[PDB]
Amino acid sequence: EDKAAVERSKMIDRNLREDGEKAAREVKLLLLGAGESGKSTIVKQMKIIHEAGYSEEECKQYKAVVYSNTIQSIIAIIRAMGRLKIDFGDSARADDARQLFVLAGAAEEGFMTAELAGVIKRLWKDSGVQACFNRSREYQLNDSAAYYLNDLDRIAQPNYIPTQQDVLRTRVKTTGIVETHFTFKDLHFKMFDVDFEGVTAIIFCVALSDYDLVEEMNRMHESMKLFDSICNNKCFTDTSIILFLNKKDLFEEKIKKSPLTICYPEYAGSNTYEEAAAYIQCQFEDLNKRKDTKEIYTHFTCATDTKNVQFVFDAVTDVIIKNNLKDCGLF
Ligand SMILES: Nc1nc2c(ncn2[C@@H]2O[C@H](COP(=O)(O)OP(=O)(O)O)[C@@H](O)[C@H]2O)c(=O)[nH]1
Ligand SMILES: [Cl-]
Ligand SMILES: [Cl-]
Ligand SMILES: [Cl-]
């Protein structure tokens, strides 16, 4: 954005400070959205992209988290089979299912051995297990279940070291409000992941692939309600409201087989990625009560995709530079 460079070059407030050219222009960014919408993943991406990121030794720290998530995923599927009354493809997998629970049951924390890897591999290749997997909207299953289970052989190797993508795919139970700092285009970002005064911008995350998920309340509806409060809150009048319609990769896969009408019974468009995503975007943007005063800046994201997040965050920063710089202090 040549317009961004020009816009920021119009500022003169550094001149009022003795060492103004060395001062830090600060941007305060609130990262919001329902649980599992992708907030932590965006935080990790900011570290990877703008701060070098996740070194091998750092990645190693996530090994047992990867194991934990993998064990949780397969157990979720196996348990759901009993509830949905889905039989194993090969009755022999029943012994493996039992063994899964024996091994997870006796251990202290996530782990992986050859024996466990074999049990999980055989379960995951079984046709009943796959049929239950494909009905995951009917229970609660980690988004990254397939990612880890399909790569089990690599993850189970004795000298396994998690990759960045392995780390980005983890589900980690975070609580409270976490602040991270990073500098990009010479802006000093202060990012708060809320699981606020002077907020320059809000990035609001939505899991697109929640549309067909729940117990007796639709997860997308809840995200809408939450965006509604936020977008029209008086405190955020001058705040740039950025909307990340996230998990577009998972959404693209689901929409082929699971109709949007599950979420919006009135939807009468085609069940294609293009029409259904557009419709969701319109549903969210329509919650904006001040359409003549405030614009929503919407992006379709895959938060685990570093190149996608770098591209999007670049566009978001140019919007901030063009609209909000005058409200950003020097420190
Ligand atoms: N496939 C896919 N997985 C994602 C995406 N965004 C987040 N995830 C995964 O979804 C899970 C929940 O994301 P997380 O960042 O922890 O959500 P948070 O509760 O808002 O902090 C994690 O396992 C992430 O790796 C996405 O765009 N695509
Ligand atoms: Cl069973
Ligand atoms: Cl072993
Ligand atoms: Cl991209």
# chains A, B, ... in the order shown; residues from 1 in each chain; ligands from 1
$ closest_atom_pairs --of "chain A" --to "ligand 1" --cutoff "6 Å" --atoms "only C-alpha atoms and all ligand atoms" --output "tab-separated table"
residue	atom	partner	partner_atom_place_in_ligand_line	distance
A:35	CA	ligand 1	19 (O)	4.0
A:36	CA	ligand 1	19 (O)	3.3
A:37	CA	ligand 1	20 (O)	4.0
A:38	CA	ligand 1	15 (O)	3.3
A:39	CA	ligand 1	20 (O)	3.7
A:40	CA	ligand 1	15 (O)	3.7
A:41	CA	ligand 1	15 (O)	3.8
A:143	CA	ligand 1	10 (O)	5.3
A:144	CA	ligand 1	23 (O)	5.4
A:168	CA	ligand 1	25 (O)	5.1
A:169	CA	ligand 1	25 (O)	3.2
A:170	CA	ligand 1	23 (O)	4.4
A:171	CA	ligand 1	23 (O)	3.8
A:172	CA	ligand 1	16 (O)	5.8
A:246	CA	ligand 1	27 (O)	4.9
A:247	CA	ligand 1	27 (O)	3.1
A:248	CA	ligand 1	27 (O)	5.8
A:249	CA	ligand 1	28 (N)	5.7
A:250	CA	ligand 1	1 (N)	5.4
A:301	CA	ligand 1	27 (O)	6.0
A:302	CA	ligand 1	27 (O)	3.3
A:303	CA	ligand 1	27 (O)	4.1
A:304	CA	ligand 1	5 (C)	5.1
$ select_by_dssp --residues "range 88-138 of chain A" --states "helix (DSSP H, G or I)" --output "JSON, numbers by chain"
{"A": [93, 94, 95, 96, 97, 98, 99, 100, 101, 102, 103, 104, 105, 106, 114, 115, 116, 117, 118, 119, 120, 121, 122, 123, 124, 125, 127, 128, 129, 130, 131, 132, 133, 136, 137, 138]}
$ residues_near_ligand --ligand "ligand 2" --cutoff "6 Å" --atoms "only C-alpha atoms and all ligand atoms" --output "list in words"
residues 81, 82 and 87 of chain A
$ residues_around --residues "residue 200 in chain A" --least-positions-apart "5" --cutoff "10 Å" --atoms "only C-alpha atoms" --output "ChimeraX atom specification"
/A:26-30,189-190,236,238-241,320,323-325,327-328
$ residues_around --residues "residue 226 in chain A" --least-positions-apart "5" --cutoff "9 Å" --atoms "only C-alpha atoms" --output "number ranges by chain"
A: 33-34, 221, 231
$ residues_near_ligand --ligand "ligand 4" --cutoff "6 Å" --atoms "only C-alpha atoms and all ligand atoms" --output "VMD selection string"
chain A and resid 307 to 308 311
$ residues_near_ligand --ligand "ligand 3" --cutoff "7 Å" --atoms "only C-alpha atoms and all ligand atoms" --output "list in words"
residues 113, 114 and 115 of chain A
$ residues_around --residues "residue 131 in chain A" --least-positions-apart "4" --cutoff "12 Å" --atoms "only C-alpha atoms" --output "list in words"
residues 77, 78, 80, 81, 84, 85, 86, 87, 88, 89, 123, 124, 125, 126, 127, 135, 136, 137 and 138 of chain A
$ write_last_selection --atoms "N, CA, C and O atoms" --output "mmCIF file, in the first residue's frame"
data_model
loop_
_atom_site.group_PDB
_atom_site.id
_atom_site.type_symbol
_atom_site.label_atom_id
_atom_site.label_comp_id
_atom_site.auth_asym_id
_atom_site.auth_seq_id
_atom_site.Cartn_x
_atom_site.Cartn_y
_atom_site.Cartn_z
ATOM 1 N N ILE A 77 -13.140 -40.455 18.860
ATOM 2 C CA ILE A 77 -13.785 -41.163 17.768
ATOM 3 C C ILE A 77 -14.291 -42.501 18.256
ATOM 4 O O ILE A 77 -15.459 -42.839 18.058
ATOM 5 N N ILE A 78 -13.427 -43.250 18.952
ATOM 6 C CA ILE A 78 -13.773 -44.586 19.409
ATOM 7 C C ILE A 78 -14.975 -44.548 20.353
ATOM 8 O O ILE A 78 -15.932 -45.295 20.198
ATOM 9 N N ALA A 80 -17.254 -42.253 20.504
ATOM 10 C CA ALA A 80 -18.444 -41.877 19.736
ATOM 11 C C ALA A 80 -19.050 -43.071 19.011
ATOM 12 O O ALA A 80 -20.257 -43.101 18.782
ATOM 13 N N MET A 81 -18.226 -44.037 18.625
ATOM 14 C CA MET A 81 -18.733 -45.234 17.956
ATOM 15 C C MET A 81 -19.731 -45.974 18.836
ATOM 16 O O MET A 81 -20.753 -46.440 18.354
ATOM 17 N N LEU A 84 -22.971 -43.726 18.906
ATOM 18 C CA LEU A 84 -23.712 -43.671 17.634
ATOM 19 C C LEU A 84 -24.005 -45.058 17.089
ATOM 20 O O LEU A 84 -24.642 -45.199 16.046
ATOM 21 N N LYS A 85 -23.552 -46.081 17.810
ATOM 22 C CA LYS A 85 -23.798 -47.463 17.413
ATOM 23 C C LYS A 85 -23.202 -47.718 16.047
ATOM 24 O O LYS A 85 -23.908 -48.143 15.138
ATOM 25 N N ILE A 86 -21.914 -47.439 15.901
ATOM 26 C CA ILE A 86 -21.192 -47.752 14.683
ATOM 27 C C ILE A 86 -20.258 -48.899 15.002
ATOM 28 O O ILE A 86 -19.488 -48.817 15.952
ATOM 29 N N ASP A 87 -20.335 -49.982 14.234
ATOM 30 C CA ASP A 87 -19.469 -51.123 14.487
ATOM 31 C C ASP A 87 -18.143 -50.915 13.804
ATOM 32 O O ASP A 87 -18.058 -50.197 12.820
ATOM 33 N N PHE A 88 -17.112 -51.567 14.325
ATOM 34 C CA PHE A 88 -15.812 -51.627 13.666
ATOM 35 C C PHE A 88 -15.949 -52.329 12.319
ATOM 36 O O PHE A 88 -16.815 -53.185 12.151
ATOM 37 N N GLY A 89 -15.097 -51.953 11.368
ATOM 38 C CA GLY A 89 -15.036 -52.613 10.080
ATOM 39 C C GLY A 89 -14.562 -54.044 10.247
ATOM 40 O O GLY A 89 -15.129 -54.967 9.670
ATOM 41 N N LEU A 123 -6.617 -48.631 14.263
ATOM 42 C CA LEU A 123 -7.931 -48.062 14.504
ATOM 43 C C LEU A 123 -8.269 -47.011 13.417
ATOM 44 O O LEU A 123 -9.340 -47.039 12.805
ATOM 45 N N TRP A 124 -7.335 -46.113 13.148
ATOM 46 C CA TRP A 124 -7.589 -45.008 12.216
ATOM 47 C C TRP A 124 -7.831 -45.478 10.767
ATOM 48 O O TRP A 124 -8.556 -44.820 10.014
ATOM 49 N N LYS A 125 -7.243 -46.612 10.373
ATOM 50 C CA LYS A 125 -7.436 -47.155 9.023
ATOM 51 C C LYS A 125 -8.710 -47.982 8.907
ATOM 52 O O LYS A 125 -9.101 -48.371 7.811
ATOM 53 N N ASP A 126 -9.366 -48.254 10.026
ATOM 54 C CA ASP A 126 -10.543 -49.103 9.976
ATOM 55 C C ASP A 126 -11.768 -48.364 9.454
ATOM 56 O O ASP A 126 -12.004 -47.211 9.799
ATOM 57 N N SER A 127 -12.589 -49.069 8.683
ATOM 58 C CA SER A 127 -13.662 -48.423 7.935
ATOM 59 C C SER A 127 -14.803 -47.940 8.836
ATOM 60 O O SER A 127 -15.468 -46.964 8.531
ATOM 61 N N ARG A 135 -18.619 -38.499 10.764
ATOM 62 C CA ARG A 135 -19.808 -37.965 11.443
ATOM 63 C C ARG A 135 -19.426 -37.093 12.649
ATOM 64 O O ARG A 135 -20.253 -36.805 13.527
ATOM 65 N N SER A 136 -18.179 -36.652 12.679
ATOM 66 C CA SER A 136 -17.672 -35.879 13.814
ATOM 67 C C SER A 136 -18.549 -34.682 14.231
ATOM 68 O O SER A 136 -18.494 -34.249 15.378
ATOM 69 N N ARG A 137 -19.367 -34.146 13.332
ATOM 70 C CA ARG A 137 -20.214 -33.015 13.712
ATOM 71 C C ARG A 137 -21.182 -33.434 14.799
ATOM 72 O O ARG A 137 -21.752 -32.580 15.487
ATOM 73 N N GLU A 138 -21.364 -34.747 14.955
ATOM 74 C CA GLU A 138 -22.295 -35.282 15.934
ATOM 75 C C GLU A 138 -21.697 -35.440 17.324
ATOM 76 O O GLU A 138 -22.390 -35.861 18.247
#
$ closest_residue --among "A:288, A:176, A:233, A:263" --to "residue 217 in chain A" --atoms "only C-alpha atoms"
A:263
$ atom_distance --atom1 "CA of residue 319 in chain A" --atom2 "CA of residue 31 in chain A"
16.2 Å
$ residues_around --residues "residue 24 in chain A" --least-positions-apart "5" --cutoff "10 Å" --atoms "only C-alpha atoms" --output "PyMOL selection string"
chain A and resi 14+183+186-189+328-331
$ closest_residue --among "A:54, A:67, A:139, A:182" --to "residue 156 in chain A" --atoms "only C-alpha atoms"
A:67
$ closest_residue --among "A:25, A:119, A:284, A:293" --to "residue 95 in chain A" --atoms "only C-alpha atoms"
A:119
$ select_by_dssp --residues "range 35-245 of chain A" --states "strand (DSSP E or B)" --output "MDAnalysis selection string"
chainID A and resid 177:184 187:194 201:207 240:245
$ atom_distance --atom1 "CA of residue 60 in chain A" --atom2 "CA of residue 42 in chain A"
20.1 Å
$ atom_distance --atom1 "CA of residue 178 in chain A" --atom2 "CA of residue 32 in chain A"
11.5 Å
$ closest_residue --among "A:5, A:235, A:243, A:287" --to "residue 313 in chain A" --atoms "only C-alpha atoms"
A:243
$ decode --residues "range 46-57 of chain A" --atoms "N, CA, C and O atoms" --output "compact mmCIF listing (two decimals), in the first residue's frame"
# COMPACT_ATOMS: atom_id res chain seq x y z
N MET A 46 2.10 -14.72 14.86
CA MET A 46 2.74 -13.42 14.97
C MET A 46 4.19 -13.62 15.43
O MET A 46 5.09 -12.86 15.06
N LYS A 47 4.42 -14.66 16.22
CA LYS A 47 5.77 -14.93 16.70
C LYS A 47 6.64 -15.52 15.59
O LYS A 47 7.81 -15.14 15.41
N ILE A 48 6.06 -16.42 14.84
CA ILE A 48 6.74 -17.05 13.73
C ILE A 48 7.09 -16.03 12.65
O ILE A 48 8.22 -16.01 12.15
N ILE A 49 6.14 -15.15 12.33
CA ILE A 49 6.31 -14.25 11.20
C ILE A 49 7.19 -13.05 11.54
O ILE A 49 8.05 -12.68 10.75
N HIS A 50 6.95 -12.45 12.70
CA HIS A 50 7.56 -11.17 13.06
C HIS A 50 8.69 -11.27 14.06
O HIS A 50 9.47 -10.34 14.18
N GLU A 51 8.80 -12.41 14.75
CA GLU A 51 9.84 -12.58 15.77
C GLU A 51 10.68 -13.85 15.68
O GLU A 51 11.14 -14.33 16.71
N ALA A 52 10.90 -14.38 14.48
CA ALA A 52 11.74 -15.57 14.31
C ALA A 52 10.95 -16.84 14.63
O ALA A 52 10.87 -17.78 13.81
N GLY A 53 10.35 -16.88 15.81
CA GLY A 53 9.25 -17.79 16.02
C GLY A 53 9.50 -18.97 16.92
O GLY A 53 9.69 -18.83 18.12
N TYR A 54 9.42 -20.16 16.33
CA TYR A 54 9.39 -21.38 17.12
C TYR A 54 10.56 -22.22 16.70
O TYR A 54 10.50 -22.93 15.71
N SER A 55 11.65 -22.10 17.47
CA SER A 55 12.88 -22.84 17.23
C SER A 55 12.67 -24.32 17.51
O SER A 55 11.68 -24.71 18.14
N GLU A 56 13.60 -25.15 17.06
CA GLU A 56 13.55 -26.58 17.31
C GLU A 56 13.44 -26.90 18.82
O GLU A 56 12.58 -27.68 19.22
N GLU A 57 14.31 -26.32 19.66
CA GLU A 57 14.20 -26.61 21.10
C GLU A 57 12.83 -26.20 21.62
O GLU A 57 12.21 -26.93 22.42
